[PDB]
């Protein structure tokens, strides 16, 4: 039905920032509640951020509260995840997810549609002074 393509991933140093994007193709983007999940090798997918179809209600997992911002452009088929103050523990494959919205709120689970993911690597390298 709908296809999700993530981008904006890469390598950055701890304390750096990255902006992920997820582009939605197919059915009408404003019909979908959007979410970001992340996965470390062998571990489960964990919810990161979710946004209502309207953009007016957002949810965040505790460990990213006040560093990550999810937002969307309903006229441009895109959801963004602004990730500031990145820490090594944020290293993961990041997935975009989508679900036909039942109401005006964001959701933490029960997403039907999934992207393949964009890799985010936060280096913990410390300079030797």
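Residue numbers count along the first chain shown, from 1.
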query	finding
Mean Cα B-factor comparison, 73-81 or 38-46, giving the higher one as deposited	38-46
Higher-scoring stretch by recorded Cα B factor average, 29-37 or 56-64	56-64
Chain third (lowest, middle, highest) by recorded CA B-factor, residue given as residue 116	highest
Chain-wide C-alpha B factor ranking for residue 107, given as lowest, middle or highest third	middle
Entry-reported Cα temperature factor of residue 127, expressed as the chain third it lands in	middle
Relative C-alpha B-factor of residue 14, binned into the chain's lowest, middle or highest third	highest
